[PDB]
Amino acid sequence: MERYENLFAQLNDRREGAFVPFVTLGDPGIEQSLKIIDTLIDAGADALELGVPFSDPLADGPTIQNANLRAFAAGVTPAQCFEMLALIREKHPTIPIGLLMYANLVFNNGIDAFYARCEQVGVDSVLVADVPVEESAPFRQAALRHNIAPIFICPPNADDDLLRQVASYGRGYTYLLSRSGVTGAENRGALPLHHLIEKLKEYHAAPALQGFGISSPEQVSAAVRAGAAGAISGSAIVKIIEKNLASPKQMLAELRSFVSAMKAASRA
């Protein structure tokens, strides 16, 4: 499948940026997580980034650390995550679905087999947060064999060699990292990224999605204005879940208002 390629072409036709929320699968539970995800899509999500709960999410700040913990509190396992992914795809044929993985979950039962399962359930991309380009070969190979886009991080501390590597190896989208550190809405990126954006286009990289610290509409508009194809927001979304655990109804309503606002900022 070419889900990201199709999404970007359509968005380019509408001169819109992509807005892509991240959530943790199964936070705060399987049924609620399925409803959260449907709400995000209904509210205007162009694509999804979906975390499989992992014991040691060392690229995540406390907000997403806690999402993982809430999912584990609910008994969520990777196999249950794959069931959820199959059902999400069964409901929603075209939306790009990216997973946010940690290496051990991918390697556990065989890297090839992991990517084959992703293909079977209809996942579009995999980002392995603790695998740098330097260690990426078996992951990117298995991804491509199974029609999965391997997502590469283009960090703010990147050079020409790395830009060329991520442009060459990556598919689907290039993850344009906002700043150093870990995920969290509590820290906004303070670096201009248009230079990196331009070089990626020069090297024919997969379209750039800016991520880390995106929590407001202005930032989505800013990402598009800088030449990125769109923006990813996780912690900000997960904070709404965290805030509204006691009111599943209100949770969905706020998620809806938030995504609508963020998406609106991408069209213009």
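Only the largest set of C-alpha atoms that superpose within 1.5 Å between the two forms is called the rigid core. In this text, residue numbers run from 1 along the sequence as written.
Peer 1: Give, as the answer, the stretch of 59-67 and 26-34 that departs more from the shown form in 8 other deposited structures of this protein; the measure is RMS Cα distance after a core fit.
Peer 2: Of the two stretches, the larger average C-alpha offset in 8 other deposited structures of this protein falls on 59-67.
Peer 1: Between 239-247 and 48-56, which has the larger RMS C-alpha deviation from this form in 8 other deposited structures of this protein after core superposition?
Peer 2: When 239-247 and 48-56 are compared in 8 other deposited structures of this protein, 48-56 lies farther out.
Peer 1: Go through the other compared entries with residues on either side of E186 and state whether a third or more give it no coordinates.
Peer 2: Comparison shows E186 dropped in at least a third of the other entries.
Peer 1: Highest mean C-alpha temperature factor of the two stretches 26-34 and 196-204, which is it?
Peer 2: Per the deposited B-factors, the answer is 196-204.
Peer 1: Using the B-factors recorded in the PDB entry, average over the C-alpha atoms of 50-58 and of 239-247, then report which stretch comes out higher.
Peer 2: The stretch with the larger average C-alpha B-factor is 239-247.
Peer 1: When the CA B-factors of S125, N108, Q120, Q165 are compared as recorded in the entry, which is the largest?
Peer 2: Of the candidates given, the C-alpha B-factor peaks at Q165.
Peer 1: Comparing against every modelled residue in the chain, figure out the third that the C-alpha B-factor of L69 lands in (lowest, middle or highest).
Peer 2: As the PDB entry reports it, the C-alpha B-factor of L69 lands in the highest third of its chain.
Peer 1: Going by what the PDB entry lists, where does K263 fall on CA B-factor within its chain: lowest, middle or highest third?
Peer 2: Answer is middle: the recorded C-alpha B-factor places it there.
Peer 1: Using only modelled residues of the chain, where does the Cα B factor of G75 rank: lowest third, middle third or highest third?
Peer 2: Within its chain, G75 is a highest-third residue by C-alpha B-factor, going by the deposited values.
Peer 1: Report the third (lowest, middle or highest) to which the CA temperature factor of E186 belongs, ranking only the modelled residues of the same chain.
Peer 2: According to the entry, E186 has a C-alpha B-factor in the chain's highest third.
Peer 1: Sort the modelled residues of this chain by their C-alpha B factor and say whether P96 lands in the lowest, middle or highest third.
Peer 2: Answer is lowest: the recorded C-alpha B-factor places it there.
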